[PDB]
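What follows is one chain in structure tokens, specifically the form deposited in one PDB entry.
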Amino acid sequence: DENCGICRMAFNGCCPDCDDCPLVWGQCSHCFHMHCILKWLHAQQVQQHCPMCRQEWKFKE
């Protein structure tokens, strides 16, 4: 909708850790706060994938 899928907070506001809190996009076209997806990607012990749709992760842009 209009909320980050990871932190469930609005895109037009900060992530839970936040200040500059930019948004980023995956190839799967899901949007997250950069900080949120970075936290997720870091924790992953397997091939980086989207927390939402489990597609392989690539940053679009």
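Numbers for residues come from their place in the sequence shown, where the first is 1. Shifts are known only where both forms have a C-alpha. Take the two forms, superpose them, and find the largest set of C-alpha atoms that agree within 1.5 Å; that set is the rigid core.
Another form, the form deposited in another entry, is not on view; read the next lines as being about it.
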task: For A10, state whether the C-alpha moves by 2 Å or more between this form and the one not shown after rigid core superposition.
output: no
message: Checking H49 here: with the core superposed, does its CA move 2 Å or more between this form and the one not shown?
response: yes
task: Give the consecutive runs of 3+ residues, present in both forms, in which every C-alpha shifts by 2 Å or more between this form and the one not shown after rigid core superposition.
output: 45-61
